[PDB]
Every structure is written in C-alpha cells, then in structure tokens.
C-alpha cells in the first residue's frame, strides 16, 4: 500500500546537514499519516564486518567456509545473529526505504557498505535465478539522498570529476535494482559547505515538498531481464532478436548497457525510459 517508511542514516555528528535532512523527512511523512522507522547506524553501534560469527550453531562446512552458502542456510534455519534479524524485520515491513549519506570517495560510507553486505542475505534479498526485476523486493520503492563537498559543474560531462550518472550506477543497479526494488530519482545536494545559511533552510523545505508525493513518482529506467537469455549455454547475453532491433538505435539502453553507443542522458538521475 503506501504506508510504512524505513530511513537509514550514515553520519556520526548530530550537528550535520545529513542529520538535518533525516529530521525533515520524518516530519513530512508523519504529516501525511505514514508510519516511520529509523536505522541510525552510528547511534546503533552497528557492526559493519561480515564473518563466520554472523551464524549461530553449526556451519555446514568449517573447512571451506563460504559466506553465500552458509548464510542462506542459517537464514532458512533461523541461525542468524540478532542484530541482522532486527534489521531484516524492519526492511520486510517497509513500503519505502530512504538512504541518507554524504558522498565519501565516490561511493557510500563504510558503515552503509557493511549493512548491505550483512543484511541482504542470499535467499532473503536475492536468488541467482530471480535477479533484477524478478527479485523479492518488487513491491517496494527506494531512493538515495546524497550531499557532496564538490560542485554540480565538477560532476557534469565536461567537469574534472566526470559524469555523476556513472558514479551512481554500481549502487542503483548492482545493489538496489538487483534485489527487485523500484528505484526513484536521487536527491543530490551539491556544494553544501559553500551554500549560505538561509539558502540551506530552503534546501530542506524543497526536500519536504518532494516527499508529499513520492509514492506516485515514476521510477528510473533499467533494461528488463526478459531481454536476456538466462542460462550458461547462452552466457546470460541479450537475445539475438533484441540485438537485431537495437542495431537501428543511436543510444545504448542505459549506463552499464551502453552497447558501445551513446549513453542516454541522465539515465541514473531522471525518470522515464
């Protein structure tokens, strides 16, 4: 339906603009009647490190201990650690999930990276036979909310750092669409250490205004899994007919699936095909 939200935050300081963006979002969504839950990872002392200690009881094979095998088993059998279970339960009840984080070394902080590695367990979050739009999270919606030290022109096609849509693809496709989520446009706050105090208040009003209609937004484009031959004889490659029809197009289907052609503009930043 449209009624439970989980907000996951990755910042230690409560004086941060990232903390302030979190607070604005609980307020807008409580005003429309949503139930809201939080996973403030540093205030929770969350352990970010994957290891054989995430399992209880007996490993199926301690000689050649292999994390994907072991943890889906432990998940079927109810042998996972209590901090992992409490998070899996939050996730399962939420209709919408927001991730709030500063950009560190062109990716997510180590503490949010460790939460993805320990909570999104084989069999709970994915299966190698139901990847991408067939994933367990198909009825849920999600979005990244990111602040940056650098300006918006440094991350454009012609700036020193290169294109932002290329920085976002490993996260939005590789983790989130992988598990079946409907991914929505990011919220990007550029130049935050250089914007005047009264303009920052307006950046927060603008965020709350968007959240009044988030559940009816359109999602970003990802190539569907039906365009591909999913088995080891074909090599998980695009079907021959789709390869034939695509020959006529000036543009690749997305950032990771550019096909040697031009990437369609802002594929990872603006909605619609």
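Residue numbers count along the first chain shown, from 1.
Just going by the entry, 111 to 119 versus 77 to 85 on mean CA temperature factor gives the higher value to 77 to 85. Set 210 to 218 against 59 to 67 and average the Cα temperature factors; 59 to 67 ends up higher. Highest C-alpha temperature factor among 138, 151, 165, 147, as the PDB entry reports it: 138. The PDB entry assigns the greatest CA B-factor among 51, 39, 47, 233 to 233.
When the CA B factors of the chain's modelled residues are split into thirds, the value for residue 128 lands in the highest one. Residue-level temperature factors show residue 172 in the lowest third of its chain, judged at the C-alpha atom.
In the deposited entry, the Cα temperature factor of residue 92 sits in the top third of values across the chain's modelled residues. In this PDB entry, the Cα temperature factor of residue 269 sits in the middle third of its chain's modelled residues. Annotation for residue 1: CA B-factor lies in the highest third of the chain's modelled residues.
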